[PDB]
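Okay, so we've got the same protein chain twice, two forms, each given alone as structure tokens, structure 1 and structure 2.
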Structure 1
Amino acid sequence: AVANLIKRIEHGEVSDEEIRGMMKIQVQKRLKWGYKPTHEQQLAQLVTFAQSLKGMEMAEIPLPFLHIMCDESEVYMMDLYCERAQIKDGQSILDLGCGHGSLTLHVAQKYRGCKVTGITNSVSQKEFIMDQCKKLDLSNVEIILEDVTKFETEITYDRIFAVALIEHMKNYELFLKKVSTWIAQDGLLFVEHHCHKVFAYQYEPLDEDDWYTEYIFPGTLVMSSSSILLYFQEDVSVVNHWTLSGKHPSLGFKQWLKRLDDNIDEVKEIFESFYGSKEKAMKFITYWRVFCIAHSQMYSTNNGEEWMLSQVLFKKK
């Protein structure tokens, strides 16, 4: 019944510093769980995990919040995406899970001859984007409101982005097979995924003093490893593969935390309207604070050489 610690964090009786201390322990426990004494064992563990994903299913916000939130490190990364995806003016572009449309809007403005199509889960996000289009006068963008795991079209695209989407997937084979059908002749697919450098795992509690896992990930999601997509090349082939150290996401979470805290009184306002309650507002806020605190700590581990980012460029076949 570990479930008491939370409202303590939640009335603020547990400091950010204590939460980092707690995550340090969680990190050491996860690393010890995953690492193996020999390469033979370490690799077997990864191939066995990849095979298990093939037995799974592909997969399982107020607008004043998006306005407050949503910094040129974001710009750097998005230029890096365009360069590694070899974007050229004139191409048709598909953005899978475009979210806040940060990438969709950036490409549309940089490459005015491109046609950029975004696919999103949410009304609020489609709204934020297509009304970002009106202020930059972008005629460049179409947003389709739909489930990516359910979407399909006769249309093919020169370039497909899949950033922050793998994190919600389990059966990578079914995902890449479906996406492969949308790739035009000589088209390319760019994927970015948070990972551990060496091993993969499902978010399951490590022992009965592990609160992080069920708190942050209440059913079954997967942390990928940096090389795991190399074992899913039945329908696409790898063109290139890069990683970036955990310091980059670490900083991202800390900056996001800062923007939230710097604006906390108006965020606290927005979520009371949206949720109709101060208690529920308070618990959205606490969840996302702990998320940033805990993941900032996680990605910083060992100078960013444990958890990190993986980017993979695919072509069809």
Structure 2
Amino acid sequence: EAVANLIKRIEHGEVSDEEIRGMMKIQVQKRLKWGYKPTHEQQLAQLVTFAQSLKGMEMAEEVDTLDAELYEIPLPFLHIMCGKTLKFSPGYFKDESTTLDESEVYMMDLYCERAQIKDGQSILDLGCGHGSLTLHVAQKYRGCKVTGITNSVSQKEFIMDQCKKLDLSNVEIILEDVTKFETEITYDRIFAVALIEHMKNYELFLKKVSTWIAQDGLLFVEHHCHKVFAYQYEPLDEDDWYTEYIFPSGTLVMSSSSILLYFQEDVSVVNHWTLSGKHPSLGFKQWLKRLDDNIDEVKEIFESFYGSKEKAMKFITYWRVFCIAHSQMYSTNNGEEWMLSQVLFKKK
């Protein structure tokens, strides 16, 4: 296949933004045609069969050490592309004039409302990133004790540095792989925002997390999804550049909006909401605009960090393609195909 040569033309910056958008529209139509079935009997069977298949998998992929480059993101680059809180997950846009910074805070206040956060609670933020929600909650609720968990040394350093600058004493960051983490502490409220996208066996994941929920505590999960069907990211045909270009070697899963309803052995659902794909679509447009508005500094950051002009171009191109393609994907059919699912769980 000449997928390899198309990918090399992408990596050298030879493929226009509109061509990328058009390529993604084709990929979207292929995936929708693959996933939709003529009868509900078949549609449901496909989802239940998929859910059952996850129950025999590992909780998550062991990331190859050689693929560290695909996971570490330079902080100066995130300061440019992301909003002020470095949220690595969608914002909430009240309209198309909402700013990226506003969208981050709007969404995090929505999390606090839907997760029923109250001052004084113990809070666990699983996969806390650069601390957008951990620091949001810790600043808002000075009586809360907030614990964040991340497997990234540089993320933990950044958050503890922010705690110093913001004079917060109510934040702890644990450096651990959440899939191996052993604790007997229970928490009043647990957040798992954009963490499920790293997992495969949701059953094993939620079993482990359920042991960390206190009596009468709650677990709030946000996952991006397709409205109807779930799938592993595998090439649809011999022409599939998307799966090869965007994702690392290991196999990951696109959830559906209902799939966690089938994983209620150890937690049970209190509430379940969705938000339109328009919100992530707008977010990725703002990420791309910020990248382009600061392209000279982005180049200097990546040339410095990655060690050559060629490899820098490859990674700048990757992030631009990622924003372009996923802005297009989430926009599909006025935001009613790919979207966001939020689930509130109680223990047992």
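Structure 1's sequence is the ruler for residue numbers, which start at 1. Rigid core (definition): largest C-alpha set, two forms, superposition within 1.5 Å.
With the core held fixed by superposition, the comparison between the two structures singles out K278 as the only member of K278, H39, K54, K32 whose CA moves by at least 2 angstroms. Its Cα shifted by 2.2 Å between the two structures, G12 is reported here after superposition on the rigid core.
After superposing on the rigid core, the C-alpha of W256 is displaced by 1.3 Å between the two structures.
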